[PDB]
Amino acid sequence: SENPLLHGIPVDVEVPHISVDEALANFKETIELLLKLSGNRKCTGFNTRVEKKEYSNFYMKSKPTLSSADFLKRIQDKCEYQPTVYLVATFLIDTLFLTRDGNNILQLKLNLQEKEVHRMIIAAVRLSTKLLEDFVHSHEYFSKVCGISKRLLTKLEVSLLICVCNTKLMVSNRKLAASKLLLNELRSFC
């Protein structure tokens, strides 16, 4: 069976004709809504301690030099990715934080905090490029763009990977579509 987040999405849906700027905006707005949802709920959290330990890698003690929006601008200015990269990035955060219950109702799986956002963006973008492109930026280049050490970058890739690999992750047109459709659904409740 499909990723429950796809329930209702036509199997023959077409790749969204979405622009880099819109892709980037949907990514940011998904994060903002997850943050909103996380303040209401006390979540059931992870199935294992393993996942909890990986997830703690996202917590950043200090306030980032750049806001989420500006950080995303810096990444795109330096990397020049296709919109597909951010759509997949958005779906990765979608599948980490959201599921649907027995009645196809969207549910928050985990609490997102603001101190987790900066490192989450780094991981989701990096993992996304590796799922999508035959050639990606060097580990050195990407690290410098994100202003972190190569060691941290590796740690973040693996943390997100461990955290989502229990869900259905296969890149497909319906997952590309879902990134925008889930944002619309969340948008409608907030």
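From 1 onward, residues are counted along the sequence shown.
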{"query": "Residue range whose averaged C-alpha B-factor is higher in the record, 28 to 36 or 45 to 53", "finding": "45 to 53"}
{"query": "Stretch with the greater mean C-alpha B-factor as recorded in the entry, comparing 16 to 24 against 166 to 174", "finding": "16 to 24"}
{"query": "Out of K155, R126, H139, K61, residue topping the C-alpha B-factor column of the entry", "finding": "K61"}
{"query": "Lowest, middle or highest third - CA B-factor, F91", "finding": "lowest"}
{"query": "Within-chain third of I121 by Cα B-factor, per the entry", "finding": "lowest"}
{"query": "Ranked C-alpha temperature factor of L160 among modelled chain residues, by third", "finding": "lowest"}
{"query": "Cα B factor band for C146 (lowest, middle or highest third within the chain)", "finding": "middle"}
{"query": "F71 - Cα temperature factor, lowest/middle/highest third of chain", "finding": "highest"}
